[PDB]
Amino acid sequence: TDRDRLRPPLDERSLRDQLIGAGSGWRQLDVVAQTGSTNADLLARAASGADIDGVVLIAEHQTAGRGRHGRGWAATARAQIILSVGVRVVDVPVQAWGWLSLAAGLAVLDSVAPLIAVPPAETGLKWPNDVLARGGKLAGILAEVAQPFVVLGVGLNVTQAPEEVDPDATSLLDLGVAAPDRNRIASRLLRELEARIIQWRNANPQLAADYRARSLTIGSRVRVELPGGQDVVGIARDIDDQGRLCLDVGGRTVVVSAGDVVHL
């Protein structure tokens, strides 16, 4: 397609020089031409004994991507920022691990927000793992547990056309960013991510506060599709200390640990 001219490759050397060294917590960064799933790859490293804390894996293309709840993730080469990072979590109470996922979405949003000229309506965070812009899914986040680690995965649509991946998707290009630079965006993303991970590890109240400020879900009428197929309709009110969504259902509180949110 014509978007190929807007998709130059990543510069691995430059990313390493920016992100590895004094002042940074990232220990390793690799760019691979392609793989099945960056999340699976880092999980596999950990499963064979690797210390993956602060390890970054970026793929130009991903052929067997994973979404939440056994779903998939679609991509074409060089159209997204596709990455996974390792996070040691055993030092943090297990009940707080759900916030690491929310923190990642916040980091992704903050990394790309200033690139848009004028933010259209419905731009922000949808619980529990969506970055939305103009109602479209700009990025998806997947967290997978492999004690003592969590592997955090990010799929961010940079020039990816919705016709290539999913009808409800959007990208920076489709949001009016004419020539997005994936090298600059990747660096910004990883720096934002480091800060949010540190905040999460230290239970900094600003993490929850900043998330709330960018939430599209809180205050909205929602239908939540639960694991198992059930739907619950209510109004989202808050996120608890476990990262769970708190719903007002006719005056009753229903707290949801996992589900698919539709804003009504």
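Start at 1 and count along the sequence shown; that's the residue number. Superpose the two forms; the largest set of C-alphas matching within 1.5 Å is the rigid core.
After superposing on the rigid core, the larger RMS C-alpha deviation in 8 other deposited structures of this protein belongs to 119-127, the other candidate being whichever of 165-173 and 119-127 remains. 113-121 and 127-135 differ in mean CA B-factor, and the higher of the two is recorded for 113-121. Per-stretch averaging of Cα B factors for 240-248 and 7-15 places 7-15 on top. When the C-alpha B-factors of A178, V87, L83, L190 are ranked from the entry, the top spot goes to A178. Highest CA B-factor among the listed residues (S37, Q230, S215, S48): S48. Per the deposited record, the Cα B-factor of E194 falls in the lowest third when ranked against the other modelled residues of its chain. When the modelled residues of the chain are ordered by their C-alpha B factor, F149 lands in the middle third.
Per-chain ranking of the deposited C-alpha B factor places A103 in the lowest third.
In this PDB entry, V158 carries a Cα temperature factor that places it within the lowest third of its chain's modelled residues. When the CA B factors of the chain's modelled residues are split into thirds, the value for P205 lands in the lowest one.
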